[PDB]
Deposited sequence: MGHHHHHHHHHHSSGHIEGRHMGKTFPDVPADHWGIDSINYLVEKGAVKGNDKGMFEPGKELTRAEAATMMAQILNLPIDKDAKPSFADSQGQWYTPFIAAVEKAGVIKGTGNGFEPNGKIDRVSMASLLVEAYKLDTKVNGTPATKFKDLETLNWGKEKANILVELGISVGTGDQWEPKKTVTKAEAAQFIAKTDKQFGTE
């Protein structure tokens, strides 16, 4: 929709063939697929990723591509392609895909109460904040909240337009 948020982002992604169901929650496999396409990675049809849990499905060669490019690791217990992706995992995808750690000077400050107490991925969220890719709300960044398709489009369109090649 025209005056609706996300439209310039989604058009950018459509223009680059990387993506309406904007409020739909995104799975980790769908996020990885958007990455594989925006990065223009080579997609070998029968290439398989390492992960036992990511075989035999439409997303499988896309996951293999972003694993080969170093963009995804597992969770440690596989890739969990059909689990919903949360914001801190999204951050991890973008930081790895675009080497965003080389785009900031030193270590970004922590600007949110709920990034301070985080088990993993604090640094990656802070980098997104530092780069203004995540605007962030008030005093909560909500690292474990799931990402919608339109929110993913914004993160990716914004990041790629700035740092893509």
| item | value |
| --- | --- |
| Coordinate gaps, deposited numbering | 1-29, 49-55, 202 |
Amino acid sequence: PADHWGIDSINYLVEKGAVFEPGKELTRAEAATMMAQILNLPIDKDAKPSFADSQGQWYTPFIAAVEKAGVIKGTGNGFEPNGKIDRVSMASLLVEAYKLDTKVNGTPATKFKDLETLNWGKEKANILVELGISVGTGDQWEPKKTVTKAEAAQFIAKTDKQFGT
From here on, numbers count along this sequence of modelled residues.
| property | result |
| --- | --- |
| Higher-scoring stretch by recorded Cα B factor average, 33-41 or 135-143 | 135-143 |
| Mean C-alpha B-factor comparison - 10-18 and 151-159, higher one | 10-18 |
| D53, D46, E130, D101, ranked by C-alpha B-factor: the highest one | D46 |
| Chain-wide C-alpha B factor ranking for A125, given as lowest, middle or highest third | lowest |
| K113, C-alpha B-factor rank within chain (lowest, middle or highest third) | highest |
| Third assignment of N119 from its chain's C-alpha B-factors | highest |
| B-factor third for the C-alpha atom of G83 within its chain | lowest |
| Position of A65 among the chain's modelled residues by C-alpha B-factor, lowest, middle or highest third | middle |
